[PDB]
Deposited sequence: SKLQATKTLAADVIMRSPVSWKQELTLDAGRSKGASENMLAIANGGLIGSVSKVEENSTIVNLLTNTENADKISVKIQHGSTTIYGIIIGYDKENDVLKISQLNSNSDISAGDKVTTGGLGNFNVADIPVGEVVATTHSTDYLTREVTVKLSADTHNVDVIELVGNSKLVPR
């Protein structure tokens, strides 16, 4: 089902560029472009580039997210799926949209990866719901701590 890999952060992006990490493991140790990145309590990003000996991880704290990372939200008995669409830096909440249901979503509801699309590994903690927005979008407080991301677990479908 699953290939896992531990790696260390060896570079961070320049201030104000795309928020991304460089890891000291790439294709020679089993990193793949379909992998998700776990650190400091949960999902911290997705792989954006795999090299022979290093990997670039796109971080969840990027304001816009085009990577269509599949997530699901558990509301009691119901599971609502959607995708991560961005991050709110001021309020420090992940943004989720394109929800496949109009069911009730409540603060504290648990958000995990859904294992659909390209980042096809389910059940990784993302966080818990903070609010539902309309102006439908969902805001989520990440489990992963965003400070001092030094060691990442890379996980992908085998």
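**Asked** Given the full deposited sequence, which segments carry no C-alpha coordinates?
**Response** Several regions go unmodelled: 1-4, 140-144, 168-172.
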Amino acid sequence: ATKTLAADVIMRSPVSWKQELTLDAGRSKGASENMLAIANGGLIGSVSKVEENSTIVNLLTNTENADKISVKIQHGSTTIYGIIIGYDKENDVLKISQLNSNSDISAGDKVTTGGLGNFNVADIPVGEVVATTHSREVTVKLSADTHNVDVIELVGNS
From here on, numbers count along this sequence of modelled residues.
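**Asked** Comparing 61-69 with 90-98, where is the mean C-alpha B-factor higher?
**Response** Mean B over CA atoms: larger for 90-98.
**Request:** Can you let me know which of the two, 27-35 or 40-48, has the higher average C-alpha B-factor in the entry?
**Result:** Looking at the recorded C-alpha B-factors, 27-35 comes out higher on average.
**Asked** Going by what the PDB entry lists, where does residue 56 fall on CA B-factor within its chain: lowest, middle or highest third?
**Response** Lowest third of the chain for residue 56's C-alpha B-factor.
**Prompt:** Ranked by Cα temperature factor within the chain, is residue 130 in the lowest third, the middle third or the highest third?
**Reply:** Its C-alpha B-factor belongs to the highest third of this chain's values.
**Asked** C-alpha B factor of residue 107, ranked within the chain: lowest, middle or highest third?
**Response** For residue 107, whose C-alpha B-factor we compare with every modelled residue in the chain, the answer is the middle third.
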